[PDB]
Amino acid sequence: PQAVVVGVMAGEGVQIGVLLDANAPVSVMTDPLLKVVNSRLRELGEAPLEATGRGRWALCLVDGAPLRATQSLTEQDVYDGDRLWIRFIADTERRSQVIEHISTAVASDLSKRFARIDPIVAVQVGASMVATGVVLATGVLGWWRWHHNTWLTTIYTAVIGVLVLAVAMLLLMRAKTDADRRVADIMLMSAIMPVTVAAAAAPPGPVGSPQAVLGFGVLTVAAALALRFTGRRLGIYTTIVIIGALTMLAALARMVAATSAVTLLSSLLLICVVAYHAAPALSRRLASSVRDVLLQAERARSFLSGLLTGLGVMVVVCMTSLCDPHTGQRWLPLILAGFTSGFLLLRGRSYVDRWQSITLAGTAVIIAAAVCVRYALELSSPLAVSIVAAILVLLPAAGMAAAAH
Amino acid sequence: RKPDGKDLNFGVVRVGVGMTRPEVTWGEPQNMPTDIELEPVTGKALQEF
């Protein structure tokens, strides 16, 4: 325990293993340590470390924060096998500056701390507004069919989709930088929505089971097709693909033959349950030499995050549809929802990525909360709302306390 | 540091930081108006400056 071996990072990137004194104060070591790395660099035939003007040499963690000069190496949470970095920090001392006349002083200082509007940002705002506009247009066009499912809805929406898609095509061919790509991607993302309802609006007669099958299908295809050639925005497109495909199967079954929604919903819940188990495997298989590893890692990370998300949407929609305050043994689905929530809450701890772990954890809370609200609005009563309110507030409060205490 | 006359910094030692009078030399304003004749805004402006 008298000494510890650690890796020290030096100039331009050489990592060197050293055995340091575990109790002397860190300020005592930096001088001879600097000599040693320079000597080794000299013997290696490399250029030594050098100072520039005014500054000082310090020993820091890999995160750049310097260690307290008077404390012992054992006093800090540094252990054998860890690594450290020797660094030069330049002198920051400079004259103070004063402007007395208040109007000039306000303008000058206020101009350095914030960012002014510029043309690069302006273009993205335009793209964002048009995207928001057409999704409203399909919305109203999509509402008219419930009262008059004539050809108008499909005919009108089809031309808009073509027009938006045509613009995205020219933009994609012309794009040169990621800024330009953001403009094009937003435009393209918006093109999928009109084409989907345009197709779904084609089968005539009163709306129901048969129209739905077409919509989710082309939607799944379009999202997949965009990903195939574009190779960007993996998460959003993947999430659409999963919910679309599963709904397509359920819609087809309901259109062909289905005794009840409960039957299909239970099937979907089980399908999601097995998918949650297979999830990490799907991500792994769906995905100078070093570059190949970096690209693959983030792609896998992306597909998994969307995948867990898509299943989350399905189980909450399914669970809230399965439980019911009037249908049969009202307590049976309520306790089943509890067991299901526990599984999601426990399995979420196995994931290291923040958004993956958080999205899974949150998925359990929202399921619980949604059921509470469902059993509060329907079969309403003063005691029921009182009880639900108490449950709904203490549930997350307890969760926070469990993490805070 | 050198003591050989031309080096003006010899024998000078840093004790801290503080205030000092700049190398600039201000020329007094010509035809200054009498006190009752001074406009209020520009007066304090030149005064605080």
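Sequence order for the protein chains is DA and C4.
Just so you know, the first sequence maps onto residues 18 to 304, 344 to 461 in the deposited numbering.
For the second sequence, the deposited numbering begins at 151 and goes up steadily by one.
Using N, Cα and C, we set each Cβ at its ideal position, and we do this for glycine too.
Is the region 59-77 of chain DA close to the region 100-119 of chain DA, with three or more CB pairs under 8 Å?
yes
Tell me the residue span of the alpha helix (DSSP H) that contains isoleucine 106 (chain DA).
As a working note, residue 106 (chain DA) is residue 89 in the first sequence. Segment 100-107 is the beta strand (DSSP E) holding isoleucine 106 (chain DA); no alpha helix (DSSP H) there.
Beta carbon of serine 44 (chain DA) nearer than 8 Å to that of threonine 91 (chain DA)
Within the first sequence, residue 44 (chain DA) is the residue found at index 27, counting from 1. Within the first sequence, residue 91 (chain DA) is the residue found at index 74, counting from 1. Their beta carbons are not under 8 Å apart, which means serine 44 (chain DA) does not touch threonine 91 (chain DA) by this criterion.
What are the boundary residues of the alpha helix (DSSP H) that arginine 162 (chain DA) is part of?
Here residue 162 (chain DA) is taken as the residue at index 145 of the first sequence, counted from 1. Run containing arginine 162 (chain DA): none; DSSP gives neither H nor E here.
With a 10 Å radius around its C-beta and 16 neighbouring C-beta atoms as the bar for buried, classify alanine 216 (chain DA) as buried or exposed.
Within the first sequence, the letter at position 199 stands for residue 216 (chain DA). Its Cβ being crowded by 16 or more others within 10 Å, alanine 216 (chain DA) is buried.
Between the CA atoms of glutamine 228 (chain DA) and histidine 164 (chain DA) - distance to the nearest angstrom:
Residue 164 (chain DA) sits at position 147 when you count from the first residue of the first sequence. Residue 228 (chain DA) sits at position 211 when you count from the first residue of the first sequence. Straight-line Cα distance between these residues: approximately 15 Å.
So within the region 210-280 of chain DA, which uninterrupted alpha helix (DSSP H) runs reach at least 4 residues, ignoring any that extend past its ends?
226-247 and 251-273
Boundaries of the alpha helix (DSSP H) in which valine 123 (chain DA) is found, first to last residue:
Stepping through the first sequence from its first residue, residue 123 (chain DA) is reached at position 106. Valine 123 (chain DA) -> alpha helix (DSSP H) spans 119-130.
In or out: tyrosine 254 (chain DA) buried (at least 16 other Cβ within 10 Å) or exposed?
The count along the first sequence starts at 1 and reaches residue 254 (chain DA) at position 237. Burial call: buried.
Supposed contact pair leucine 285 (chain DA) and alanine 267 (chain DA) - C-beta distance, whole angstroms, cut 8 Å:
Looking up residue 267 (chain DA) in the first sequence gives position 250. Looking up residue 285 (chain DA) in the first sequence gives position 268. Confirmed, about 6 Å.
Is the CB-CB distance between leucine 299 (chain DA) and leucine 364 (chain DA) below 8 Å?
Here residue 299 (chain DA) is taken as the residue at index 282 of the first sequence, counted from 1. Here residue 364 (chain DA) is taken as the residue at index 308 of the first sequence, counted from 1. The answer is no: Cβ separation not under 8 Å.
Since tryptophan 74 (chain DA) is in the beta strand (DSSP E), which residue starts that stretch and which ends it?
Residue numbering aside, residue 74 (chain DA) sits at position 57 when the first sequence is read from its first letter. That run of the beta strand (DSSP E) goes 72-77.
Do we get a CB-CB distance below 8 Å when we pair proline 211 (chain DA) with the residues of chain A?
The structure shown contains no chain A; the protein chains it does contain are DA and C4.
Limits of the beta strand (DSSP E) - the one that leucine 390 (chain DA) falls within
In the first sequence, counting from the first residue as 1, residue 390 (chain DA) sits at position 334. That residue, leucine 390 (chain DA), is in no beta strand (DSSP E); its alpha helix (DSSP H) goes 387-403.
Quick one: measure Cβ to Cβ for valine 212 (chain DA) and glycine 178 (chain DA), integer angstroms, because I've assumed they're closer than 8 Å.
Position 195 of the first sequence holds residue 212 (chain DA). Position 161 of the first sequence holds residue 178 (chain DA). Between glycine 178 (chain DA) and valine 212 (chain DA) the Cβ distance is about 4 Å, and since that is below 8 Å, they are a contact.
Could you tell me the alpha carbon to alpha carbon distance between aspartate 48 (chain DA) and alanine 75 (chain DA), rounded to whole angstroms?
In the first sequence, counting from the first residue as 1, residue 48 (chain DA) sits at position 31. In the first sequence, counting from the first residue as 1, residue 75 (chain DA) sits at position 58. Distance between the alpha carbons of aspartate 48 (chain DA) and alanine 75 (chain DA) is about 9 Å.
Where do the N-terminal and C-terminal ends of the alpha helix (DSSP H) with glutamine 197 (chain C4) fall, by residue?
Residue mapping note: residue 197 (chain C4) aligns to position 47 of the second sequence, counting from 1. Looking at the DSSP string, the run of the alpha helix (DSSP H) that includes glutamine 197 (chain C4) is 190-198.
Identify the continuous beta strand (DSSP E) that holds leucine 36 (chain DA) and give its terminal residues.
Position 19 of the first sequence holds residue 36 (chain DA). Note, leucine 36 (chain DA): beta strand (DSSP E), 32-38.
Looking only at C-alpha atoms, which of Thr170 (chain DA), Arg130 (chain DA) and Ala201 (chain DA) sits nearest to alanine 148 (chain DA)?
Start at 1 with the first residue of the first sequence, and residue 148 (chain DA) comes out as number 131. Selected option, being the one with the closest Cα: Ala201 (chain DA).
Taking buried to mean at least 16 other C-beta atoms within 10 Å of its own C-beta, is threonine 170 (chain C4) buried or exposed?
Here the question's residue 170 (chain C4) lines up with position 20 in the second sequence. The residue in question, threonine 170 (chain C4), is exposed, as its Cβ has fewer than 16 Cβ neighbours within 10 Å.
Which of helix, strand or coil DSSP assigns to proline 49 (chain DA):
Taking the first residue of the first sequence as position 1, residue 49 (chain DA) is located at position 32. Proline 49 (chain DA): helix per DSSP, three-state reduction.
For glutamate 173 (chain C4) and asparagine 40 (chain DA), what's the separation of their Cα atoms in angstroms?
In the second sequence, the residue the question calls residue 173 (chain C4) occupies position 23. In the first sequence, the residue the question calls residue 40 (chain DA) occupies position 23. Near 52 Å, if we compare the C-alpha coordinates of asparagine 40 (chain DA) and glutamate 173 (chain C4).
From the DSSP output, read off the bridge partner residues of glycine 24 (chain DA).
Your numbering for residue 24 (chain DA) matches position 7 in the first sequence. Answer is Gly34 (chain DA) and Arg100 (chain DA).
Kindly list the residues whose CB is nearer than 8 Å to the CB of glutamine 32 (chain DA), restricted to its own chain and excluding five residues on each side of it in sequence; keep chain order.
Translated into the one-based positions of the first sequence, residue 32 (chain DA) becomes position 15. So the list reads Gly24, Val25, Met26 and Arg100, once near-sequence residues are dropped.
By the 10 Å Cβ neighbour count, where 16 or more other Cβ atoms means buried, how is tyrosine 407 (chain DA) classified, buried or exposed?
For the purposes of this step, residue 407 (chain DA) is identified with residue 351 of the first sequence, where counting begins at 1. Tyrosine 407 (chain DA) is buried by the Cβ-count criterion.
Is it the case that the Cβ atoms of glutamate 189 (chain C4) and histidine 118 (chain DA) are separated by a distance below 8 Å?
Walking along the second sequence from the start, residue 189 (chain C4) turns up at place 39. Walking along the first sequence from the start, residue 118 (chain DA) turns up at place 101. Contact flag unset, no.
Does the region 180-192 of chain DA come close enough to the region 234-244 of chain DA that 3 or more CB-CB pairs lie under 8 Å?
no
Going by C-alpha distance, which of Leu287 (chain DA), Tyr293 (chain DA), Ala459 (chain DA) and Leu360 (chain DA) is nearest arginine 302 (chain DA)?
Position 285 of the first sequence, counting from 1, holds the residue named residue 302 (chain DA). Nearest C-alpha to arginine 302 (chain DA): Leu360 (chain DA).
Whether or not the region 389-401 of chain DA and the region 434-454 of chain DA are in contact is what I'm after, with contact meaning three or more pairs of Cβ atoms, one per stretch, closer than 8 Å; do they touch?
no
Using only the alpha-carbon positions, how far apart do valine 449 (chain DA) and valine 371 (chain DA) sit?
Stepping through the first sequence from its first residue, residue 449 (chain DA) is reached at position 393. Stepping through the first sequence from its first residue, residue 371 (chain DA) is reached at position 315. C-alpha separation (whole angstroms): 23 Å.
Residue of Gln114 (chain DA), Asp38 (chain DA) and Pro83 (chain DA) minimising C-alpha distance to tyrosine 96 (chain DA)
Here residue 96 (chain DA) corresponds to residue number 79 of the first sequence, with the count starting at 1. Of the candidates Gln114 (chain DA), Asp38 (chain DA) and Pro83 (chain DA), the one whose C-alpha sits nearest the C-alpha of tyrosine 96 (chain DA) is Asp38 (chain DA).
Identify, in the order they occur along the chain, each residue of the same chain with its Cβ nearer than 6 Å to the Cβ of residue 328 (chain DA), setting aside the five sequence neighbours on each side.
For residue 328 (chain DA), nothing is modelled; it lies in the interval where chain DA passes from 304 to 344 with no residues in between.
Cβ-based burial, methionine 182 (chain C4) [other Cβ within 10 Å; buried from 16]
Residue mapping note: residue 182 (chain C4) aligns to position 32 of the second sequence, counting from 1. By the neighbour-count rule (16 or more Cβ atoms within 10 Å), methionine 182 (chain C4) is not buried but exposed.
What is the DSSP secondary structure of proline 83 (chain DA), counted as helix, strand or coil?
What you label residue 83 (chain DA) is simply residue 66 of the first sequence in a count that begins at 1. Residue state, collapsed to three classes: strand.
What first and last residue would you give for the alpha helix (DSSP H) that runs through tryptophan 411 (chain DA)?
For the purposes of this step, residue 411 (chain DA) is taken as the residue at position 355 of the first sequence. 410-433 is the span of the alpha helix (DSSP H), which, as asked, contains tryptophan 411 (chain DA).
Given this structure, state the Cα-to-Cα distance separating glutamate 434 (chain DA) from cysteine 428 (chain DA), to the nearest angstrom.
Residue numbering aside, residue 434 (chain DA) sits at position 378 when the first sequence is read from its first letter. Residue numbering aside, residue 428 (chain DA) sits at position 372 when the first sequence is read from its first letter. Cα to Cα, the separation comes out at about 10 Å.
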